[PDB]
Amino acid sequence: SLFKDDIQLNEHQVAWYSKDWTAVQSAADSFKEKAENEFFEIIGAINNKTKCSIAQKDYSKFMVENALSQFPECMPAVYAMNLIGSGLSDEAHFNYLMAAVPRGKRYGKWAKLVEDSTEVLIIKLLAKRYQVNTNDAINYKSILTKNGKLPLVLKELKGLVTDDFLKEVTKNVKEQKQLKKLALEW
Amino acid sequence: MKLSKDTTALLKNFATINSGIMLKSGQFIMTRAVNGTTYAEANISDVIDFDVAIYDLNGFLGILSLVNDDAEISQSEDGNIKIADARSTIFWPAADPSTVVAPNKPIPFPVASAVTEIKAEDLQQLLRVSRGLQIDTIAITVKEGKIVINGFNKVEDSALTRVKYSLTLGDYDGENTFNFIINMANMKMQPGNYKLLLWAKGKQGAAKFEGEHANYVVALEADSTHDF
Amino acid sequence: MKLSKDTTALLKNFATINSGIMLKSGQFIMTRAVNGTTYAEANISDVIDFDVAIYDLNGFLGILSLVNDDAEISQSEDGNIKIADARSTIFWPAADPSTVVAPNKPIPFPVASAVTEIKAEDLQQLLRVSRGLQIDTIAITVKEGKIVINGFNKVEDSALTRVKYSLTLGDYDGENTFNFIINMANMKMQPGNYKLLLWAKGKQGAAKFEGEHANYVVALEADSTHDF
Amino acid sequence: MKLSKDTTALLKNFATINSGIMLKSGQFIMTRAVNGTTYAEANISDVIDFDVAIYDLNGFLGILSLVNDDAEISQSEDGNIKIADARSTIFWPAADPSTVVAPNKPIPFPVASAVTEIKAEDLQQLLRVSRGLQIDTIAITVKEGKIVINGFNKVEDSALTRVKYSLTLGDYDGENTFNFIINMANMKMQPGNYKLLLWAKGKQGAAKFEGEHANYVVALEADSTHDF
Amino acid sequence: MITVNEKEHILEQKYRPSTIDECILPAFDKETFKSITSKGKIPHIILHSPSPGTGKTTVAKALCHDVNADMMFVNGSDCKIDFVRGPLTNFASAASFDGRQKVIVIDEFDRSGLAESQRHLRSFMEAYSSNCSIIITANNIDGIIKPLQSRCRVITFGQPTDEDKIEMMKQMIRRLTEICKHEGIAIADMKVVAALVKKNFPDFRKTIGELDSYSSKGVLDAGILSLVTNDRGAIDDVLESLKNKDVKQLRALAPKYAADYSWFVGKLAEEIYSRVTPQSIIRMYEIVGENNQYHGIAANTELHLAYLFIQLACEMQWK
DNA sequence: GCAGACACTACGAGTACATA
DNA sequence: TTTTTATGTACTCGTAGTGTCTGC
Ligand SMILES: [Mg+2]
C-alpha cells in the first residue's frame, strides 16, 4: 500500500472493486455455513401435544419416525406407521403420530454405533477380494485373525485400497491416516 | 528407470482397457479387459527390469505426470515402489499380482483368414461419423468385390437392416463370404493406421489391429457369420 | 447434386432458426421458428432435386463437413439421403414431414408502412456494439426527420428509456410516428445489406429485411407503439 | 475530443492495474491498484476536458475500437459518456466514484536511495523467463560491485534461497547493501527502457520506473531487507 | 383510490395495488412499511410467506414506488452467479445524478440450486450496501441462506392475528366491492363476496380470481352464493352412509369412487379426521393406511373399497 | 496470420423423489 | 434436549477442458 493514508476497505470491497473473481469466490465461501433444520419443532408437537401445522413446514417421515424410535413408548406408533403408513400423506402421518404417540417430554440424543474405521476397512477389503457378503467377510476376518495369516492377507490386499475405496470406508478426511496405515501394512 | 512420455501416453490408453496393469521384466507390455472382450500388447522402448503390479493405473499416471519426465522409478526397500526426481520422492503401494487381471499368456494370433488395412484418416472419419449418426456397431463384409465396413445403430436397428454408414477398404481377391460384427465399445485403440487381420474358425474368431504403437485384438459379436 | 459452401452456410444460418427444415425440389428454401418469431426465405445456386425433410439440420451439416466438399447428395434407394464421398458413403435419415415445423406457403409480406435501408457495415456495428454494451432490445423509431435504431438493455433498463446505442439510417418524409420494439434474439440473419420494410395495422405488425439472397421476417415486441 | 491509438494503448495497459480509472480535466492520467501495491502515472498528448469515473475501462476501450478513430467523446446531458460517430452514437455509463478506487493525489516520490536503468531487452527477457521457469517473486541485490536482479519461486521456497534466474543491469556505487524483495503481481508495464529509482526507509519502500510515456511505482514486500 | 392497469386483462393483474397504504396487510406490518417509506431509505428486506398471493411482490414494488427508488426488478430464478457478477455490479456501480435510491427487487429467489449465487450476493451486500439495497421475496424461506436472512429484515407475510384477520377480511370485502363497481358487476347479495373472501383467505390473488370466475353472468345473487358455498368434490354421501352404517348404500357407492382410489382414499381420510374421536382418528388412519398399502395387491378393487367402507363404518366413533 | 475469444460439452456438487 | 436408511432416476448450476474460428 504505497498510499499510507486510506480508511482501508474490507476484504469484500477489495475483492469486488478489483473484480478479481477468485477473491470474490473466497469471500462468498466465507458465508458457507451449512446444515439448517427445524424438524424437532415438529417432533415436540408430537411429544408435547403442542399445536403445530405442517401445511407450511417441511416434513420427513424418515426423520420423524427415527426420532420417535429412540424411546420405547413411541415404538408402537412408529412400528404401525412403518408398516401401513408408507402410502399415507405427510399430513396424515403427522396427524396419526399426534393422536397415537402418548404425551411426554422425552427429548434426548440418538443411539449411534461407533465403528472401528480400520476394522470396517478390513472387512470391506476382505469382501471385495473374495467376492463375499459382509458377514462372510467378518467370518473370514475371524478365521484369519485366529490363524495369524491376517497380516499376510492384509499385505497381499494393501494394493487394493484406492483413494475412492476410502470414501466408501469413511468420509472423515482423516482417512489419510488409514491410507498410511495401509501403506505400512506388512 | 524412467518412462518416456510415449510410454506414458500408451499406458493411459492401456488404462482404457483395464483399470490396472501388470508389468513383467522385458521391453514388452500387455493388458486385457476384465471381461475379456479386448486385449492389447505393445513392444515398448523403455526397459522393464523388475515385476510390479499397479492396481490404480490412472492415479499412478497422475503421480507420474506431476514430477518431471526424467523421474527415476524403482521399487522401494520396504516393498512398495518409489518415484524420485530431483525435488521430490513419492511412494506408491505395490499391489499383489493376484489383485490385477492379467492375460497370463500372450495370445498367438493365428494366420489371418482375411487381411486388410485402414488408414488413420479413414478411422478418424469413421469415428466422427459414428459420433454423428449415433452408430454403435460395425460389420466388416465383402461387397461387390471390395471389403467394406458398414456402420449400424444397433439401438434403433436391432437386426442390422438399414446401413447408416459405409466405407471401402480395398479389394478382397479371396473366395470366402463373411460378415464380422464388431461392437464399437470394444475398440479402445489410439489414432493411427492399422493392419486388420480377421480370423475365424467354426464358432471362434477375432479381429486384430496392428498399429504403429500397439496391437489390439477384439472379440467378434455373437451373430457373426462366415464360411471359412 | 453438390452443395456449394454458400448454400451450406445459408443452411446453417437457417438451422439457427429451426432445428429442422423442409426443403423441396427447386432452388428455393425457407424456414420458420417453432415459436413463430422469425421466418426466412432464400434462393440459392444449388438445385434441390428431391423433396426431403431433415429433422436435425445441424447434425446433417456436421456429417457434410465430415466429407469432401465435392460430395454427391442424392436420394438413396431406401428413401433416405445418400452422401457419396470418395471411399465412404453416409446415409442420413429423411424425417416425416409432419414432425418438422415448416411454413405451408411462402408468406407474402404486406405493403410496408415505412421503408428504409440498412448497410451491412451499420448492421455489423450494431451487432458488435450489442455484444459490447449488452443491449438486448432495439427500437426503430423517428428522430427529428430521420429513422433511427435505439439500442436498450432490458435487463438493467426495463422501461426502455435509457438509450445505450443509437444509429441513424435514412430520413422519414412521412407524417406517422412509430416505435417498433424488436428483441435481439430474433435477429437470426447473416450479414449483408437489407431494405428494411416495416408493416403495422393496429394490433398486427412485422419487420421484413430484404437482402440480395434472403428475406427475413421478424415479429415485433408486444408493447410496440404506432399510429398506422 | 478524440483518443489516439497510443493513448488507448496506455489506458489498456493501465487497465491491467485497475479495471476502473478516474479521469480529471487536463492531460495527465493515472491509476492505482485496489490493494495500493502498484501505481501508474502518465503524461499524454490528448486533452481531458471533463471529469468522469469509469467503471469498466476494458469494455469502454473496446467500444471505442468499435467506432471510427475520429470518434468524438463528450458528456451527455444525463451525466454519462457520449461517443459520437458519423451515423452512430454510443452512451457508455458513468460510474459512481465510491465504486472505483483512485489515487486521491499524485504521489510524491521521495529522494531516490539508489538509481539504475533497464534496457527493453532485459525487461522482455525477464518477463519471458519468469513465465517460463514460473517465477513469482523477484529481488534486487548487490554482488561484487554490480547491481543484479534475481528470481526464485516463493511457493516452492518460503525462505528465498534457490536463485532460479538472475540478470545484470549496471554498476552500484555506494557503501550500503540492499536486497529488496518484490512480488511479481504488481508488475504491469509496457515494454521499453525504464530509469529505475529505488527508495527505502524502515520496513517500507518503493521502486519507480520512469519511461517515455508512463511511470510505474511498485511497493515492496513486508520482510524486505533494507540496511539503510 | 384503486390502482387499475389497463394493459392487463387478467383481473388479479389489473388491480395490483401500487402504494403501501392500498395493500391489505396486518396492522403491525403496514405500520413498519409506512415507517420504512417515511424515513426515506429502504433497508435490505426479505418478504417471505409460503402461502401464495399475500402481497410480497406488490409490497416490494409499492415500497419502491413510495420511496421513488431506481428499481431493478429481477426474476430470482434468473439471478444466477453471473447475474450478480455482471448486471448487479453494473447497476450498483452506476452513478446516480438524481438522488434516487437504488433498489434491486429479486422476486422469488428461494431456489436451492442458487445457494452459491446467494453466497456471492451476501459478499456483494458488503461492498455495495452504501450504493443500493435489496428486496428479496420468497415462498420457501429455507431457500434463502442463513447469512442473507440475518443481514436483512425478514418480514413474514400471511401470519396475522385473529383481529388482524377480521380487519383484513373486511378490507378485502370492501376492495372486492369496489372492484365489482369498477367492472360493472352488480352485487345483489354481499354474502357472495363475504364467502369468497373467507374461502380463499389469505390468498388474495386467488380471491380475485374466484371473483372473476363466479362473476361470469355479471350478477352476484343467491345462485352464485349457492355455487360458492358448495363443494364440487364433496364426498358427503359416503360420509353419511358411514355415519349411518348403511351397508346397502356403501355397497352401491364403492364402484362410484373405485376408479380414483388414491385420491378418494386421501380425501376420505381428510374428511373423516375432523368428524371422529381422537382414538377414532388413530383407528381410521391405521385402517386407511393398511387398505391403501394393499391396493396393488388385492384382486378386486371395488371389493377392496367396499371392505374399507365396512371397516370404517364399524370402527368409527363419530363426534 | 495466430494468440485469443467464443462457444460447446463433460463432469462434480447439491437437491429432490419413489420404493424398499 | 437432540439431527439422516440404499438404490435408482431426474434436474440444475458452475466450471474447466476443448475445439474452432477469426482481428489488428
Ligand atoms: Mg410474487
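Here the Cβ positions follow ideal geometry from the backbone for every residue, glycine too, while neighbour counts run over all protein chains shown. Bear in mind these aren't lab numbers, they're just calculated from the coordinates by the rules spelled out.
Below are the figures for this structure:
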{"item": "Within region E:99-126, tally of residues that are within 14 Å of the ligand (Cβ to nearest atom) and either facing another protein chain (nearest Cβ under 10 Å) or more than 18 Å from E:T54 (Cα to Cα) (or both)", "result": "1"}
{"item": "Those residues of region C:62-96 which are basic (K, R) and part of a loop (DSSP other than H, G, I, E, B), in sequence order", "result": "C:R87"}
{"item": "Output for region E:109-126, where each listed residue is of a type in the set (D, E, K, R), within 16 Å of DNA strand G (Cβ to nearest atom) and either farther than 16 Å from E:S77 by Cβ or buried (at least 18 other Cβ atoms within 10 Å of the Cβ) (or both)", "result": "E:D110, E:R119, E:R122"}
{"item": "Selected residue (criterion: farthest from DNA strand G (Cβ to nearest atom)) from residues of region E:54-88 that are touching a strand residue (DSSP E or B) at 6+ places or on another chain (Cβ under 7 Å) and of a type in the set (G, A, S)", "result": "E:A69"}
{"item": "Pair list, Cβ under 7 Å, 6 or more apart: region E:291-304 residue at negative phi and within 13 Å of another protein chain (Cβ to nearest Cβ), other residue part of a loop (DSSP other than H, G, I, E, B) and of a type in the set (A, V, I, L, M)", "result": "E:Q293/A:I84"}
{"item": "Residue within region E:127-135 that is more than 16 Å from DNA strand F (Cβ to nearest atom), surrounded by 23 or more Cβ atoms within 10 Å (Cβ to Cβ) and under 19 Å from E:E22 (Cβ atoms) present", "result": "yes"}
{"item": "Hits in region E:208-217 (condition: in contact (Cβ under 8 Å) with a residue 40 or more places away in the chain and crowded, with 19+ Cβ neighbours inside 10 Å)", "result": "E:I208, E:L211"}
{"item": "Search result, residues across region E:61-79 that are within 11 Å of the ligand (Cβ to nearest atom) and within 22 Å of E:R119 (Cα to Cα)", "result": "E:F73, E:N75, E:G76"}
{"item": "Which listed residue is surrounded by 12 or more Cβ atoms within 10 Å (Cβ to Cβ) and closer than 30 Å to E:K102 by Cβ, from D:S88, D:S130", "result": "D:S88"}
{"item": "Residue within region A:9-30 that is assigned to a loop (DSSP other than H, G, I, E, B), within 16 Å of DNA strand F (Cβ to nearest atom) and more than 14 Å from chain D (Cβ to nearest Cβ) present", "result": "yes"}
{"item": "Region D:32-48, residues that are more than 14 Å from chain A (Cβ to nearest Cβ), over 16 Å from D:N215 (Cβ atoms) and in contact with a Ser or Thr (Cβ under 6 Å, 6 or more places away or on another chain)", "result": "D:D46, D:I48"}
{"item": "Evaluation of A:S60 against (1) surrounded by 19 or more Cβ atoms within 10 Å (Cβ to Cβ); (2) within 16 Å of DNA strand F (Cβ to nearest atom) (one fails), failing number", "result": "(1)"}
{"item": "One residue from E:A95, E:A138 being crowded, with 17+ Cβ neighbours inside 10 Å and away from DNA strand G (no atom under 16 Å from the Cβ)", "result": "E:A95"}
{"item": "Unmet criterion (only one of (1) within 15 Å of DNA strand G (Cβ to nearest atom); (2) in contact (Cβ under 8 Å) with a residue 60 or more places away in the chain; (3) within 14 Å of chain D (Cβ to nearest Cβ)) for E:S129", "result": "(1)"}
{"item": "From the options C:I29, C:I21, C:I54, residue that is within 30 Å of C:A219 (Cα to Cα) and in contact with a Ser or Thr (Cβ under 6 Å, 6 or more places away or on another chain)", "result": "C:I21"}
{"item": "Qualifying positions in region E:265-290 - more than 18 Å from A:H93 (Cβ to Cβ) and within 8 Å of chain A (Cβ to nearest Cβ)", "result": "none"}
{"item": "Residue satisfying all of: in region C:137-174; among the charged types (D, E, K, R) and surrounded by fewer than 17 Cβ atoms within 10 Å (Cβ to Cβ); farthest from the other protein chains (Cβ to nearest Cβ) among these", "result": "C:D173"}
{"item": "Positions within region A:95-120 being part of a helix (DSSP H, G or I) and either away from every other protein chain (no Cβ under 14 Å) or away from DNA strand G (no atom under 16 Å from the Cβ) (or both), in sequence order", "result": "A:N95, A:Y96, A:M98, A:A99, A:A100, A:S117, A:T118, A:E119, A:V120"}
{"item": "E:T37 vs. criteria more than 16 Å from DNA strand G (Cβ to nearest atom), within 14 Å of chain A (Cβ to nearest Cβ) and of a type in the set (S, T, N, Q)", "result": "no"}
{"item": "Residues of region E:11-39 satisfying the condition of being in a loop (DSSP other than H, G, I, E, B) and touching a residue at least 60 places away in the same chain (Cβ under 8 Å)", "result": "E:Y15, E:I24, E:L25, E:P26"}
{"item": "Close pairs from region E:91-107: first more than 16 Å from D:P93 (Cβ to Cβ) and part of a loop (DSSP other than H, G, I, E, B), partner among the hydroxyl-bearing types (S, T, Y) and within 16 Å of DNA strand F (Cβ to nearest atom), Cβ under 9 Å, at least 6 apart", "result": "none"}
{"item": "Selection count where residues are hydrophobic (A, V, I, L, M, F, W, C) and under 25 Å from A:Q56 (Cα atoms), scope region E:26-63", "result": "8"}
{"item": "Members of region C:178-215 that are under 18 Å from C:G151 (Cα atoms), more than 17 Å from the chain's Cα centre (by Cα) and part of a loop (DSSP other than H, G, I, E, B)", "result": "C:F178"}
{"item": "Unmet criterion (only one of (1) within 14 Å of chain D (Cβ to nearest Cβ); (2) over 30 Å from E:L114 (Cβ atoms)) for A:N82", "result": "(1)"}
{"item": "Of residues in region A:88-124 being hydrophobic (A, V, I, L, M, F, W, C) and without any contact (Cβ under 8 Å) to a residue 40 or more places away in the chain, the one farthest from A:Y59 (Cα to Cα)", "result": "A:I122"}
{"item": "Residue list for region E:54-85, filter: of a type in the set (S, T, N, Q) and within 16 Å of DNA strand F (Cβ to nearest atom)", "result": "E:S77"}
{"item": "Residue among C:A40, C:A33 that is over 20 Å from C:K5 (Cα atoms), surrounded by 13 or more Cβ atoms within 10 Å (Cβ to Cβ) and not aromatic (F, W, Y)", "result": "C:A33"}
{"item": "Of residues in region E:98-144 being out of contact with any strand residue (DSSP E or B) (no Cβ under 7 Å at 6 or more places or on another chain) and of a type in the set (S, T, Y), the one farthest from E:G40 (Cα to Cα)", "result": "E:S112"}
{"item": "Residue in region E:48-58 that is free of Cβ contacts under 8 Å to residues at least 60 places away in the same chain and closer than 27 Å to E:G143 by Cβ present", "result": "yes"}
{"item": "Some residue of region E:51-60 being within 16 Å of the ligand (Cβ to nearest atom) and at the interface with another protein chain (Cβ under 9 Å from one of its Cβ atoms)", "result": "yes"}
